[PDB]
$ cat protein33.cif   # mmCIF, C-alpha atoms
data_model
#
loop_
_atom_site.group_PDB
_atom_site.id
_atom_site.type_symbol
_atom_site.label_atom_id
_atom_site.label_comp_id
_atom_site.auth_asym_id
_atom_site.auth_seq_id
_atom_site.Cartn_x
_atom_site.Cartn_y
_atom_site.Cartn_z
ATOM 1 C CA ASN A 29 -17.014 -18.239 -6.481
ATOM 2 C CA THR A 30 -20.115 -16.770 -4.827
ATOM 3 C CA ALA A 31 -18.411 -15.147 -1.826
ATOM 4 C CA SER A 32 -16.105 -13.421 -4.307
ATOM 5 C CA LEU A 33 -19.240 -12.210 -6.104
ATOM 6 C CA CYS A 34 -20.618 -10.811 -2.836
ATOM 7 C CA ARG A 35 -17.327 -9.022 -2.146
ATOM 8 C CA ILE A 36 -17.332 -7.628 -5.696
ATOM 9 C CA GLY A 37 -20.885 -6.352 -5.261
ATOM 10 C CA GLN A 38 -19.918 -4.686 -1.987
ATOM 11 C CA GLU A 39 -16.872 -3.069 -3.584
ATOM 12 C CA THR A 40 -18.996 -1.809 -6.476
ATOM 13 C CA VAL A 41 -21.356 -0.280 -3.912
ATOM 14 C CA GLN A 42 -18.497 1.730 -2.411
ATOM 15 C CA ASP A 43 -17.311 2.738 -5.888
ATOM 16 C CA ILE A 44 -20.854 3.876 -6.749
ATOM 17 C CA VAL A 45 -20.958 6.067 -3.643
ATOM 18 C CA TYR A 46 -17.477 7.439 -4.351
ATOM 19 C CA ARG A 47 -18.347 8.172 -7.991
ATOM 20 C CA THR A 48 -21.506 10.025 -6.942
ATOM 21 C CA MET A 49 -19.452 12.129 -4.524
ATOM 22 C CA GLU A 50 -16.860 12.766 -7.244
ATOM 23 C CA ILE A 51 -19.602 13.806 -9.680
ATOM 24 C CA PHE A 52 -20.965 16.348 -7.207
ATOM 25 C CA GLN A 53 -17.445 17.630 -6.503
ATOM 26 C CA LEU A 54 -16.721 17.984 -10.234
ATOM 27 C CA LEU A 55 -19.974 19.886 -10.764
ATOM 28 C CA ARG A 56 -18.876 22.146 -7.909
ATOM 29 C CA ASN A 57 -15.456 22.733 -9.519
ATOM 30 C CA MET A 58 -17.048 24.055 -12.739
ATOM 31 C CA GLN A 59 -16.870 27.869 -12.941
ATOM 32 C CA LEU A 60 -18.669 28.977 -16.123
ATOM 33 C CA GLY A 69 -10.456 26.489 -23.418
ATOM 34 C CA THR A 70 -10.674 23.807 -20.738
ATOM 35 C CA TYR A 71 -14.475 23.830 -20.352
ATOM 36 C CA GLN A 72 -14.887 21.256 -23.121
ATOM 37 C CA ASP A 73 -12.215 19.139 -21.413
ATOM 38 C CA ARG A 74 -14.206 19.221 -18.169
ATOM 39 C CA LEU A 75 -17.387 18.403 -20.109
ATOM 40 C CA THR A 76 -15.764 15.352 -21.724
ATOM 41 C CA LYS A 77 -14.460 14.252 -18.316
ATOM 42 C CA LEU A 78 -17.993 14.611 -16.928
ATOM 43 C CA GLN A 79 -19.430 12.528 -19.776
ATOM 44 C CA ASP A 80 -16.798 9.825 -19.223
ATOM 45 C CA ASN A 81 -17.499 9.733 -15.482
ATOM 46 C CA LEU A 82 -21.270 9.530 -15.986
ATOM 47 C CA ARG A 83 -20.991 6.745 -18.563
ATOM 48 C CA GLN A 84 -18.658 4.692 -16.368
ATOM 49 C CA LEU A 85 -21.062 5.265 -13.464
ATOM 50 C CA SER A 86 -23.865 3.878 -15.641
ATOM 51 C CA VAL A 87 -21.674 0.880 -16.497
ATOM 52 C CA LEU A 88 -21.043 0.411 -12.763
ATOM 53 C CA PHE A 89 -24.797 0.435 -12.087
ATOM 54 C CA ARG A 90 -25.265 -2.180 -14.817
ATOM 55 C CA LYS A 91 -22.511 -4.337 -13.301
ATOM 56 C CA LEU A 92 -24.062 -4.042 -9.831
ATOM 57 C CA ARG A 93 -27.442 -5.100 -11.234
ATOM 58 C CA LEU A 94 -25.818 -8.074 -12.980
ATOM 59 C CA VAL A 95 -24.053 -9.130 -9.765
ATOM 60 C CA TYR A 96 -27.252 -8.818 -7.721
ATOM 61 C CA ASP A 97 -29.237 -10.837 -10.269
ATOM 62 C CA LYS A 98 -26.562 -13.545 -10.356
ATOM 63 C CA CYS A 99 -26.242 -13.795 -6.564
ATOM 64 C CA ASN A 100 -29.929 -13.483 -5.625
ATOM 65 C CA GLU A 101 -31.011 -16.944 -6.800
ATOM 66 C CA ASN A 102 -28.112 -18.847 -5.205
ATOM 67 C CA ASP A 107 -32.316 -18.172 2.402
ATOM 68 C CA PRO A 108 -32.700 -21.736 3.714
ATOM 69 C CA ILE A 109 -30.926 -20.966 7.016
ATOM 70 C CA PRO A 110 -31.687 -17.741 8.934
ATOM 71 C CA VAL A 111 -29.368 -15.411 10.837
ATOM 72 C CA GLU A 112 -28.908 -15.389 14.649
ATOM 73 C CA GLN A 113 -28.774 -19.196 14.487
ATOM 74 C CA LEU A 114 -25.078 -19.640 13.629
ATOM 75 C CA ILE A 115 -23.664 -17.308 16.310
ATOM 76 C CA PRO A 116 -21.759 -19.496 18.823
ATOM 77 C CA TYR A 117 -22.597 -18.433 22.370
ATOM 78 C CA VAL A 118 -21.253 -19.959 25.592
ATOM 79 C CA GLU A 119 -24.067 -22.543 25.585
ATOM 80 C CA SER A 136 -9.981 -32.464 3.404
ATOM 81 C CA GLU A 137 -6.731 -32.009 1.480
ATOM 82 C CA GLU A 138 -7.243 -28.251 1.243
ATOM 83 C CA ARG A 139 -5.745 -27.744 4.696
ATOM 84 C CA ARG A 140 -2.719 -29.829 3.741
ATOM 85 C CA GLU A 141 -2.141 -27.742 0.619
ATOM 86 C CA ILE A 142 -2.822 -24.409 2.318
ATOM 87 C CA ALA A 143 -0.101 -24.955 4.937
ATOM 88 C CA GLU A 144 2.693 -25.094 2.354
ATOM 89 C CA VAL A 145 1.673 -21.719 0.911
ATOM 90 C CA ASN A 146 1.605 -20.211 4.417
ATOM 91 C CA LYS A 147 5.019 -21.605 5.302
ATOM 92 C CA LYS A 148 6.487 -20.637 1.949
ATOM 93 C CA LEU A 149 5.047 -17.138 2.213
ATOM 94 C CA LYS A 150 6.308 -16.845 5.789
ATOM 95 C CA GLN A 151 9.764 -17.932 4.668
ATOM 96 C CA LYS A 152 9.689 -15.333 1.893
ATOM 97 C CA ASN A 153 8.709 -12.648 4.409
ATOM 98 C CA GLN A 154 11.604 -13.644 6.649
ATOM 99 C CA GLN A 155 13.997 -13.275 3.716
ATOM 100 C CA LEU A 156 12.617 -9.811 2.982
ATOM 101 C CA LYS A 157 13.315 -8.914 6.599
ATOM 102 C CA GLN A 158 17.019 -9.618 6.136
ATOM 103 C CA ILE A 159 17.224 -7.466 3.014
ATOM 104 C CA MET A 160 15.262 -4.632 4.602
ATOM 105 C CA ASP A 161 17.292 -4.451 7.809
ATOM 106 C CA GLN A 162 20.442 -4.504 5.684
ATOM 107 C CA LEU A 163 19.332 -1.699 3.353
ATOM 108 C CA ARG A 164 18.273 0.449 6.315
ATOM 109 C CA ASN A 165 21.673 -0.059 7.960
ATOM 110 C CA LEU A 166 23.320 1.003 4.692
ATOM 111 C CA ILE A 167 21.226 4.172 4.521
ATOM 112 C CA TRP A 168 21.917 4.909 8.199
ATOM 113 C CA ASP A 169 25.658 4.562 7.604
ATOM 114 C CA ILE A 170 25.626 6.817 4.541
ATOM 115 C CA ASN A 171 23.524 9.413 6.396
ATOM 116 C CA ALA A 172 25.890 9.416 9.376
ATOM 117 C CA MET A 173 29.031 9.613 7.234
ATOM 118 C CA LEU A 174 27.672 12.277 4.843
ATOM 119 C CA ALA A 175 26.201 14.471 7.599
ATOM 120 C CA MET A 176 29.625 15.631 8.817
ATOM 121 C CA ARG A 177 31.684 15.780 5.600
ATOM 122 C CA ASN A 178 31.808 19.585 5.990
ATOM 123 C CA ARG B 101 46.355 20.833 -7.622
ATOM 124 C CA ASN B 102 43.776 22.380 -5.289
ATOM 125 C CA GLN B 103 41.271 23.009 -8.079
ATOM 126 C CA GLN B 104 41.518 19.467 -9.450
ATOM 127 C CA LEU B 105 41.064 17.915 -6.004
ATOM 128 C CA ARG B 106 37.972 20.009 -5.226
ATOM 129 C CA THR B 107 36.348 19.041 -8.534
ATOM 130 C CA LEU B 108 36.852 15.336 -7.797
ATOM 131 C CA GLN B 109 35.413 15.759 -4.290
ATOM 132 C CA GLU B 110 32.302 17.503 -5.623
ATOM 133 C CA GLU B 111 31.636 14.720 -8.128
ATOM 134 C CA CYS B 112 31.860 12.044 -5.424
ATOM 135 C CA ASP B 113 29.469 13.939 -3.135
ATOM 136 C CA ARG B 114 26.886 14.313 -5.915
ATOM 137 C CA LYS B 115 26.997 10.595 -6.700
ATOM 138 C CA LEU B 116 26.454 9.637 -3.051
ATOM 139 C CA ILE B 117 23.488 11.998 -2.621
ATOM 140 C CA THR B 118 21.676 10.677 -5.705
ATOM 141 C CA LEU B 119 22.274 7.085 -4.589
ATOM 142 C CA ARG B 120 20.835 7.845 -1.148
ATOM 143 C CA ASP B 121 17.652 9.328 -2.619
ATOM 144 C CA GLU B 122 17.042 6.338 -4.902
ATOM 145 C CA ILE B 123 17.640 3.829 -2.099
ATOM 146 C CA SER B 124 15.286 5.759 0.199
ATOM 147 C CA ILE B 125 12.440 5.680 -2.319
ATOM 148 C CA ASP B 126 12.700 1.920 -2.728
ATOM 149 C CA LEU B 127 13.243 1.488 0.997
ATOM 150 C CA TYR B 128 9.938 3.264 1.556
ATOM 151 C CA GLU B 129 8.130 0.971 -0.874
ATOM 152 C CA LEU B 130 9.600 -2.181 0.652
ATOM 153 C CA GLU B 131 8.442 -1.407 4.192
ATOM 154 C CA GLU B 132 4.895 -0.722 3.054
ATOM 155 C CA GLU B 133 4.758 -3.911 1.014
ATOM 156 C CA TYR B 134 6.118 -6.027 3.847
ATOM 157 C CA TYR B 135 4.310 -4.475 6.796
ATOM 158 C CA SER B 136 0.812 -5.222 5.407
ATOM 159 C CA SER B 137 0.825 -9.017 5.119
ATOM 160 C CA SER B 138 -0.890 -11.612 7.294
ATOM 161 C CA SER B 139 2.205 -13.890 7.347
ATOM 162 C CA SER C 42 -37.204 -7.372 -3.159
ATOM 163 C CA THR C 43 -35.050 -5.578 -5.787
ATOM 164 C CA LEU C 44 -33.563 -2.946 -3.500
ATOM 165 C CA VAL C 45 -31.377 -1.764 -6.387
ATOM 166 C CA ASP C 46 -34.440 -0.300 -8.138
ATOM 167 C CA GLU C 47 -35.232 2.180 -5.385
ATOM 168 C CA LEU C 48 -31.465 2.644 -5.019
ATOM 169 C CA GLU C 49 -31.329 4.258 -8.451
ATOM 170 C CA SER C 50 -34.720 5.853 -7.748
ATOM 171 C CA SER C 51 -33.145 7.771 -4.862
ATOM 172 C CA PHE C 52 -30.053 8.430 -6.984
ATOM 173 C CA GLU C 53 -32.145 10.021 -9.734
ATOM 174 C CA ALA C 54 -34.287 11.890 -7.196
ATOM 175 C CA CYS C 55 -31.061 13.465 -5.937
ATOM 176 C CA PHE C 56 -30.769 15.134 -9.380
ATOM 177 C CA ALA C 57 -34.481 15.992 -9.638
ATOM 178 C CA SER C 58 -34.217 19.732 -8.987
ATOM 179 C CA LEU C 59 -31.502 20.204 -11.625
ATOM 180 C CA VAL C 60 -32.938 18.532 -14.739
ATOM 181 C CA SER C 61 -36.191 20.496 -14.868
ATOM 182 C CA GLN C 62 -38.085 22.253 -17.624
ATOM 183 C CA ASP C 69 -34.182 30.605 -2.640
ATOM 184 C CA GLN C 70 -31.763 28.470 -0.623
ATOM 185 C CA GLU C 71 -33.879 26.831 2.081
ATOM 186 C CA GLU C 72 -35.971 24.770 -0.355
ATOM 187 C CA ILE C 73 -32.991 23.352 -2.261
ATOM 188 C CA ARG C 74 -31.139 22.661 0.986
ATOM 189 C CA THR C 75 -34.135 20.748 2.362
ATOM 190 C CA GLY C 76 -34.569 18.788 -0.863
ATOM 191 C CA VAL C 77 -30.931 17.738 -1.018
ATOM 192 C CA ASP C 78 -31.005 16.832 2.689
ATOM 193 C CA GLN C 79 -33.861 14.351 2.333
ATOM 194 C CA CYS C 80 -32.583 12.952 -0.984
ATOM 195 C CA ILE C 81 -29.044 12.412 0.337
ATOM 196 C CA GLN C 82 -30.159 10.799 3.601
ATOM 197 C CA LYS C 83 -32.415 8.408 1.663
ATOM 198 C CA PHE C 84 -29.572 7.529 -0.721
ATOM 199 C CA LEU C 85 -27.196 6.743 2.144
ATOM 200 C CA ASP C 86 -29.822 4.641 3.939
ATOM 201 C CA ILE C 87 -30.472 2.510 0.852
ATOM 202 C CA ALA C 88 -26.721 2.014 0.338
ATOM 203 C CA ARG C 89 -26.265 0.838 3.943
ATOM 204 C CA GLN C 90 -29.191 -1.600 3.632
ATOM 205 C CA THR C 91 -27.622 -3.135 0.512
ATOM 206 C CA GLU C 92 -24.379 -3.451 2.497
ATOM 207 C CA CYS C 93 -26.247 -5.301 5.260
ATOM 208 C CA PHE C 94 -27.820 -7.740 2.783
ATOM 209 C CA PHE C 95 -24.422 -8.598 1.278
ATOM 210 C CA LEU C 96 -22.899 -9.207 4.726
ATOM 211 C CA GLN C 97 -25.779 -11.491 5.785
ATOM 212 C CA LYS C 98 -25.463 -13.537 2.588
ATOM 213 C CA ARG C 99 -21.671 -13.722 2.942
ATOM 214 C CA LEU C 100 -21.900 -14.948 6.535
ATOM 215 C CA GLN C 101 -24.436 -17.612 5.592
ATOM 216 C CA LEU C 102 -22.330 -18.835 2.676
ATOM 217 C CA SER C 103 -19.092 -18.837 4.693
ATOM 218 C CA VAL C 104 -20.580 -20.813 7.570
ATOM 219 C CA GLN C 105 -22.268 -23.293 5.204
ATOM 220 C CA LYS C 106 -19.228 -24.145 3.096
ATOM 221 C CA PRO C 107 -15.702 -22.818 3.759
ATOM 222 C CA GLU C 108 -14.267 -24.373 0.581
ATOM 223 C CA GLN C 109 -14.966 -21.298 -1.578
ATOM 224 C CA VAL C 110 -13.358 -19.134 1.115
ATOM 225 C CA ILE C 111 -10.289 -21.411 0.931
ATOM 226 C CA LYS C 112 -10.154 -21.017 -2.851
ATOM 227 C CA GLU C 113 -10.264 -17.231 -2.506
ATOM 228 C CA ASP C 114 -7.481 -17.410 0.089
ATOM 229 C CA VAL C 115 -5.343 -19.488 -2.300
ATOM 230 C CA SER C 116 -5.921 -16.988 -5.111
ATOM 231 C CA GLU C 117 -4.928 -13.956 -3.032
ATOM 232 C CA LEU C 118 -1.830 -15.652 -1.607
ATOM 233 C CA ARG C 119 -0.586 -16.674 -5.068
ATOM 234 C CA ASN C 120 -1.202 -13.182 -6.473
ATOM 235 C CA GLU C 121 0.663 -11.437 -3.625
ATOM 236 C CA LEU C 122 3.501 -13.953 -4.096
ATOM 237 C CA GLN C 123 3.922 -12.768 -7.672
ATOM 238 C CA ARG C 124 3.741 -9.151 -6.455
ATOM 239 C CA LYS C 125 6.630 -9.739 -4.016
ATOM 240 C CA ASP C 126 8.720 -11.540 -6.644
ATOM 241 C CA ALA C 127 8.244 -8.785 -9.224
ATOM 242 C CA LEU C 128 9.080 -6.012 -6.748
ATOM 243 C CA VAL C 129 12.250 -7.707 -5.456
ATOM 244 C CA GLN C 130 13.275 -8.301 -9.097
ATOM 245 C CA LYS C 131 12.827 -4.579 -9.790
ATOM 246 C CA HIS C 132 14.982 -3.682 -6.802
ATOM 247 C CA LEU C 133 17.711 -6.058 -8.013
ATOM 248 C CA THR C 134 17.721 -4.627 -11.528
ATOM 249 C CA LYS C 135 18.080 -1.062 -10.276
ATOM 250 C CA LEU C 136 20.703 -2.218 -7.756
ATOM 251 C CA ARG C 137 22.847 -3.702 -10.538
ATOM 252 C CA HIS C 138 22.418 -0.498 -12.556
ATOM 253 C CA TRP C 139 23.603 1.789 -9.769
ATOM 254 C CA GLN C 140 26.383 -0.649 -8.851
ATOM 255 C CA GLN C 141 27.823 -0.307 -12.341
ATOM 256 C CA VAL C 142 27.202 3.467 -12.331
ATOM 257 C CA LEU C 143 29.208 3.844 -9.122
ATOM 258 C CA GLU C 144 31.875 1.413 -10.380
ATOM 259 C CA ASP C 145 32.515 3.533 -13.504
ATOM 260 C CA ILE C 146 34.320 6.097 -11.306
ATOM 261 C CA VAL D 327 47.037 0.515 29.385
ATOM 262 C CA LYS D 328 49.055 0.944 26.228
ATOM 263 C CA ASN D 329 46.954 0.934 23.068
ATOM 264 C CA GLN D 330 43.362 0.326 24.259
ATOM 265 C CA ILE D 331 40.646 2.527 25.663
ATOM 266 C CA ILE D 332 37.781 0.721 27.413
ATOM 267 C CA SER D 333 34.499 2.401 28.262
ATOM 268 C CA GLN D 334 31.025 1.840 29.713
ATOM 269 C CA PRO D 335 28.382 4.259 28.425
ATOM 270 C CA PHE D 336 25.505 1.974 29.422
ATOM 271 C CA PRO D 337 25.527 -0.903 31.942
ATOM 272 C CA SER D 338 25.334 -3.267 28.946
ATOM 273 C CA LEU D 339 27.538 -1.413 26.429
ATOM 274 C CA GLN D 340 31.319 -1.791 26.258
ATOM 275 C CA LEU D 341 33.203 0.058 23.567
ATOM 276 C CA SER D 342 36.900 -0.316 22.879
ATOM 277 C CA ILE D 343 39.223 1.942 20.889
ATOM 278 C CA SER D 344 42.548 0.600 19.661
ATOM 279 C CA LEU D 345 45.544 1.850 17.682
ATOM 280 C CA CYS D 346 46.997 -0.847 15.425
ATOM 281 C CA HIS D 347 50.537 -0.611 14.044
ATOM 282 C CA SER D 348 52.861 -3.036 12.272
ATOM 283 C CA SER D 349 56.253 -1.942 13.552
ATOM 284 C CA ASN D 350 55.013 -3.124 16.939
ATOM 285 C CA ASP D 351 54.110 -6.798 16.516
ATOM 286 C CA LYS D 352 56.272 -9.562 17.956
ATOM 287 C CA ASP D 366 32.902 -6.409 13.604
ATOM 288 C CA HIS D 367 34.016 -2.772 13.669
ATOM 289 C CA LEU D 368 32.037 0.425 13.125
ATOM 290 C CA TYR D 369 33.526 2.140 10.084
ATOM 291 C CA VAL D 370 31.404 5.261 10.620
ATOM 292 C CA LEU D 371 33.079 6.223 13.894
ATOM 293 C CA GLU D 372 36.585 5.671 12.537
ATOM 294 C CA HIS D 373 35.806 7.790 9.483
ATOM 295 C CA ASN D 374 34.295 10.529 11.670
ATOM 296 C CA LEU D 375 37.363 10.612 13.927
ATOM 297 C CA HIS D 376 39.611 12.022 11.195
ATOM 298 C CA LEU D 377 37.081 14.746 10.391
ATOM 299 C CA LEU D 378 36.822 15.739 14.060
ATOM 300 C CA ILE D 379 40.560 16.168 14.288
ATOM 301 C CA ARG D 380 40.838 18.059 10.970
#
$ encode --input "protein33.cif" --output "structure tokens"
Amino acid sequence: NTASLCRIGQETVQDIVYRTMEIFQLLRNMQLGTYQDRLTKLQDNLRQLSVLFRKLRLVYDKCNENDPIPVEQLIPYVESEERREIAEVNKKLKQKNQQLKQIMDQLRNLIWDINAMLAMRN
Amino acid sequence: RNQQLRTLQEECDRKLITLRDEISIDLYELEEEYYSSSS
Amino acid sequence: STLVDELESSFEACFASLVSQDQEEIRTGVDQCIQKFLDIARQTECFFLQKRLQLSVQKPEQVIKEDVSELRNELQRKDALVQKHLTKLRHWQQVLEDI
Amino acid sequence: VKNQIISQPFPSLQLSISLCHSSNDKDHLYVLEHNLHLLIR
């Protein structure tokens, strides 16, 4: 629940950067009918950027309190039922993937046959 | 007779071409969905 | 401590020359503001990765829960997409059978 | 020999062509058979 929060904070960081770049691009695209439309789009983008900043602050505040163990200690140099349950999902997913393989190779053969037959109908 | 036969041929060709396009679109989506899984 | 504060400080300083009450000065200003903004963003990235590594090595159970969630969700994605292909397949089968 | 053609394009590919008839009795690639009529027409 906390690693997901860290990943969400990271993702929001990339969205913040992307939104800043998009804001600068949109300001560049403005050349003096549709001007009010661009202005409303700019207002929407700025307000959602502010909401994104608020969400990032909330995530940081939540994750800051919850370090006892430092870095560079856990790097390995040269010198219980969860596993049981996980396996079934892996096997089931693998089986599903295998089934998709049969459908895919069949559809591609069908399209190859129709291409070959239709190419020379003239 | 000739005119009727050509009209039927044209209809069949149109149906096949549209079917091929639809199947290609889906075929494209299926590969992308399948080829990006950790299995 | 509270890197986000100076994150938005740099973000607002990037807009400093615009909201005020001939090219070299603005180019220099945007250069320093943008490089500072990118540096702060990368430092926040580094903090998140350090925390994530510490949490993952301390207790993998939460990582397992996230793995379960993603695998279930992608399962439903596959089922829905194959269902869509079947529906359209039946539709075109009947369309071609009407000939 | 009489109704078969046997051929070796690649050292691991054998293709066979065969005419089948029903006044003469006492897994296939449909694309090539379809194309054969169009070649001759």
$ interface_residues --input "protein33.cif" --of "chain A" --to "chain B" --cutoff "12 Å" --atoms "all atoms listed in the file" --output "PyMOL selection string"
chain A and resi 143+145-175+177-178
$ residues_around --input "protein33.cif" --residues "residue 108 (chain C)" --least-positions-apart "2" --cutoff "12 Å" --atoms "all atoms listed in the file" --output "NGL selection string"
(:A and (29-31 or 136-139 or 142)) or (:C and (102-106 or 110-115))
$ closest_residue --input "protein33.cif" --among "C:62, C:94, C:109, C:76" --to "chain A" --atoms "all atoms listed in the file"
C:109
$ resolve_selection --input "protein33.cif" --expression "the PyMOL selection byres ((chain A and resi 86-89) around 10)" --output "JSON, numbers by chain"
{"A": [40, 41, 43, 44, 47, 80, 81, 82, 83, 84, 85, 90, 91, 92, 93, 94, 95], "C": [45, 48, 49]}
$ resolve_selection --input "protein33.cif" --expression "the PyMOL selection byres ((chain D) within 10 of (chain A))" --output "number ranges by chain"
D: 368-371, 373-374, 377-378
$ closest_residue --input "protein33.cif" --among "A:57, A:112, A:119, A:50" --to "chain C" --atoms "only C-alpha atoms"
A:112
$ atom_distance --input "protein33.cif" --atom1 "CA of residue 55 (chain C)" --atom2 "CA of residue 80 (chain C)"
5.2 Å
